[PDB]
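In what follows, a structure is listed as structure tokens, so that the remarks can point back to it.
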Amino acid sequence: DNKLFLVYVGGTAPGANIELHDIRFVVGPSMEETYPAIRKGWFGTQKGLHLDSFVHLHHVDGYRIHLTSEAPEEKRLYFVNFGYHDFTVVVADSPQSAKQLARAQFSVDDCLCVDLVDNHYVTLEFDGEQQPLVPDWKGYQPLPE
Amino acid sequence: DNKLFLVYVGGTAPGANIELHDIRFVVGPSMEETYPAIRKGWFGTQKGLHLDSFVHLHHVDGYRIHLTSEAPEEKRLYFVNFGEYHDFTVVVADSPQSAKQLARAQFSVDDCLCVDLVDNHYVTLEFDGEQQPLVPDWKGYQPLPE
């Protein structure tokens, strides 16, 4: 059973004075099997690359996330970064409606469509379940070599 | 009269999903006169680069910072990155080893950088006993011009 993980990773990059951090979406049966995909998703230096937090995402806005190898869809998963507090994940039909829904959850941004991840398609099903967007785990976990 | 600024800048880089941030050290008479050096020190994509916070750094651990065109110093300025400015500090030390030690002790494997040459200006230190809190002069969102 493949799972979708939102992963927050940290490391160095050439030119930079401090540690940088990025959010990756990866798919695997477990976290350790996503390690190759985390490493190649990471833009910076591989030496010292570490996991800071992650969450297995199964539900967003009442929608269950399904993953299939093959897969038309009405609504899609959108990740919205504000230039877990500084980002969100929403379900919407358009990139513009995704940004607006993201603005309304607080009380010019950038968004990514999460629809194809490590050769797996993201399809959504309404079922009513909520999932708090909080880490399953946080800390400092270096990836192996 | 040149000033040493520590600037917190933000923007994008190829392959990254979110906005990234770096700390730069820059030298100029004013903040706006450091913009070329900020742009050329930024590791990522130029388009959309913005300044988020900065501080004019004049004193660290009782030492006054002097900036000169021409340059032996026993103690030096060290910037220490830990693995509001909470995730890092600046200290005065003789060696990178002792720099890391002093940085650890003032909270209650890391990386450190020696800040002795910045934009063709040498950093020299003079003990005068003055303190300066390592906090921003300004914070917000300021796009750098093109």
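Numbering starts fresh at 1 for the residues of each chain in the structure tokens, the chains themselves are lettered A, B, ... in the order given, and ligands are numbered from 1 as they appear.
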What are the closest atom pairs, with distances in Å to one decimal, for each residue of chain A lying within 8 Å of chain B, using only C-alpha atoms, rows by chain and rising residue number, as a tab-separated table?
residue	atom	partner	partner_atom	distance
A:14	CA	B:43	CA	7.2
A:15	CA	B:43	CA	5.0
A:16	CA	B:43	CA	6.0
A:17	CA	B:23	CA	6.1
A:18	CA	B:22	CA	5.9
A:19	CA	B:83	CA	7.4
A:20	CA	B:20	CA	6.3
A:21	CA	B:20	CA	6.8
A:22	CA	B:18	CA	6.0
A:23	CA	B:17	CA	6.3
A:24	CA	B:17	CA	7.2
A:41	CA	B:15	CA	7.2
A:42	CA	B:16	CA	7.3
A:43	CA	B:15	CA	5.5
A:81	CA	B:18	CA	6.2
A:83	CA	B:19	CA	6.4
A:112	CA	B:17	CA	7.7
Write out the residues from the selection above, keeping N, CA and C atoms, as a CSV table (one decimal), in the first residue's frame.
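The resulting out.csv:
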chain,number,residue,atom,x,y,z
A,14,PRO,N,25.3,25.1,-2.4
A,14,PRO,CA,26.5,26.0,-2.7
A,14,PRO,C,26.1,27.4,-2.8
A,15,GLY,N,26.8,28.3,-2.2
A,15,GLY,CA,26.5,29.7,-2.2
A,15,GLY,C,25.9,30.2,-0.9
A,16,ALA,N,25.1,29.4,-0.3
A,16,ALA,CA,24.3,29.7,0.9
A,16,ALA,C,25.1,29.7,2.2
A,17,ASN,N,24.8,30.6,3.1
A,17,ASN,CA,25.5,30.7,4.4
A,17,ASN,C,24.8,29.9,5.4
A,18,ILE,N,23.5,29.8,5.3
A,18,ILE,CA,22.8,29.0,6.3
A,18,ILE,C,22.1,27.8,5.7
A,19,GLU,N,21.6,26.9,6.6
A,19,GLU,CA,20.8,25.7,6.2
A,19,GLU,C,19.5,26.2,5.4
A,20,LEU,N,19.2,25.5,4.4
A,20,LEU,CA,17.9,25.8,3.7
A,20,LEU,C,17.0,24.7,3.9
A,21,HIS,N,15.7,24.9,3.7
A,21,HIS,CA,14.6,23.9,3.9
A,21,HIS,C,13.7,23.9,2.7
A,22,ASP,N,13.2,22.7,2.4
A,22,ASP,CA,12.2,22.6,1.3
A,22,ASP,C,11.1,21.6,1.7
A,23,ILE,N,10.0,21.7,1.1
A,23,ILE,CA,8.9,20.8,1.2
A,23,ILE,C,8.8,19.9,0.0
A,24,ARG,N,8.9,18.5,0.2
A,24,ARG,CA,8.7,17.6,-1.0
A,24,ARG,C,7.5,16.7,-0.8
A,41,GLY,N,14.8,14.9,-5.3
A,41,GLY,CA,14.0,16.1,-5.3
A,41,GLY,C,14.7,17.2,-4.7
A,42,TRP,N,15.7,16.9,-3.8
A,42,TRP,CA,16.5,18.0,-3.1
A,42,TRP,C,17.5,18.7,-4.0
A,43,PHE,N,17.3,20.0,-4.1
A,43,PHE,CA,18.1,20.8,-5.1
A,43,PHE,C,19.6,21.0,-4.7
A,81,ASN,N,2.1,27.8,-1.0
A,81,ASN,CA,3.2,28.4,-0.1
A,81,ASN,C,3.0,29.9,0.0
A,83,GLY,N,4.6,33.4,1.0
A,83,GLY,CA,6.0,34.0,1.0
A,83,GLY,C,6.2,34.8,2.3
A,112,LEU,N,1.4,24.9,-6.1
A,112,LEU,CA,1.8,23.7,-6.9
A,112,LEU,C,0.6,22.7,-7.0
query: Could you pull out all residues of range 7-128 of chain A with a DSSP call of alpha helix (DSSP H) and give them as an NGL selection string?
result: :A and (35-41 or 95-103)
Write the residues of the preceding selection, restricted to C-alpha atoms, as a PDB file, in the first residue's frame.
ATOM      1  CA  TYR A  35      14.577   8.258   0.479  1.00  0.00           C
ATOM      2  CA  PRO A  36      15.828   7.984  -3.158  1.00  0.00           C
ATOM      3  CA  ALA A  37      12.989  10.305  -4.257  1.00  0.00           C
ATOM      4  CA  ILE A  38      13.753  12.765  -1.418  1.00  0.00           C
ATOM      5  CA  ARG A  39      17.437  12.865  -2.441  1.00  0.00           C
ATOM      6  CA  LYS A  40      16.706  13.544  -6.109  1.00  0.00           C
ATOM      7  CA  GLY A  41      13.979  16.066  -5.262  1.00  0.00           C
ATOM      8  CA  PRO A  95      -5.017  27.309  -9.338  1.00  0.00           C
ATOM      9  CA  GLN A  96      -6.762  30.668  -8.758  1.00  0.00           C
ATOM     10  CA  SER A  97      -9.533  29.190  -6.574  1.00  0.00           C
ATOM     11  CA  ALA A  98      -6.831  27.260  -4.683  1.00  0.00           C
ATOM     12  CA  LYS A  99      -5.031  30.504  -3.758  1.00  0.00           C
ATOM     13  CA  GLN A 100      -8.289  32.163  -2.643  1.00  0.00           C
ATOM     14  CA  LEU A 101      -9.262  29.175  -0.464  1.00  0.00           C
ATOM     15  CA  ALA A 102      -5.768  29.313   1.053  1.00  0.00           C
ATOM     16  CA  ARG A 103      -6.187  33.013   1.922  1.00  0.00           C
TER      17      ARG A 103
END
Quick one: residues within 10 Å of residue 116 in chain B, only C-alpha atoms counted, chain neighbours fewer than 3 positions away excluded, as a CSV table (one decimal) with N, CA, C and O atoms, in the first residue's frame?
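out-v9.csv, freshly written:
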chain,number,residue,atom,x,y,z
B,67,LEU,N,35.7,48.9,9.7
B,67,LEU,CA,35.8,48.5,8.3
B,67,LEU,C,36.9,49.4,7.6
B,67,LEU,O,36.8,50.6,7.6
B,73,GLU,N,45.4,40.0,13.2
B,73,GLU,CA,44.3,40.0,14.2
B,73,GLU,C,44.3,38.7,14.9
B,73,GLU,O,44.3,37.6,14.3
B,76,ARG,N,38.6,37.3,15.9
B,76,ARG,CA,37.8,37.5,14.7
B,76,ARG,C,36.3,37.3,14.9
B,76,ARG,O,35.8,36.7,15.9
B,77,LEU,N,35.5,37.9,14.0
B,77,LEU,CA,34.1,37.8,13.9
B,77,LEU,C,33.7,36.5,13.3
B,77,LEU,O,34.1,36.1,12.2
B,78,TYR,N,32.9,35.7,14.1
B,78,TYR,CA,32.4,34.4,13.6
B,78,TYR,C,30.9,34.4,13.6
B,78,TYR,O,30.2,34.7,14.6
B,113,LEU,N,31.2,30.4,10.1
B,113,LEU,CA,31.8,31.2,9.0
B,113,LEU,C,32.6,32.4,9.6
B,113,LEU,O,32.1,33.1,10.5
B,120,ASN,N,35.1,43.7,-0.3
B,120,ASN,CA,36.4,44.3,-0.3
B,120,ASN,C,36.8,45.2,0.9
B,120,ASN,O,37.7,46.0,0.8
B,121,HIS,N,36.1,45.0,2.0
B,121,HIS,CA,36.4,45.7,3.2
B,121,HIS,C,36.8,44.7,4.3
B,121,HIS,O,36.2,43.6,4.5
B,122,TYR,N,37.9,45.0,5.0
B,122,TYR,CA,38.4,44.1,6.1
B,122,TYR,C,37.7,44.5,7.4
B,122,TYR,O,37.5,45.6,7.7
B,123,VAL,N,37.4,43.4,8.2
B,123,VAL,CA,36.7,43.6,9.5
B,123,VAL,C,37.8,43.5,10.6
B,123,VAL,O,38.4,42.4,10.7
B,124,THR,N,37.9,44.5,11.3
B,124,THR,CA,38.8,44.5,12.5
B,124,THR,C,38.0,44.9,13.7
B,124,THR,O,37.0,45.6,13.7
B,125,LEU,N,38.4,44.3,14.9
B,125,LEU,CA,37.7,44.4,16.1
B,125,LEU,C,38.5,45.2,17.2
B,125,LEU,O,39.7,45.1,17.3
- request: Name the residues of chain B that fall into strand (DSSP E or B) according to DSSP on the backbone, using the chain letters and numbers of this document, as a PyMOL selection string.
  value: chain B and resi 3-11+20-28+50-56+59-60+63-68+76-81+88-93+111-114+117-118+121-127+138-143
task: Show which residues sit within 8 Å of residue 49 in chain B, as a PyMOL selection string. Count only C-alpha atoms, and ignore same-chain residues fewer than 6 positions away.
output: chain B and resi 9-12+39+143-144
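Each of B:146, B:128, B:137, B:119 was checked against residue 62 in chain B using only C-alpha atoms; the smallest atom-to-atom distance is that of B:128.
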- request: Work out how far apart CA of residue 52 in chain A and CA of residue 110 in chain B are and give it in Å to one decimal.
  value: 15.4 Å
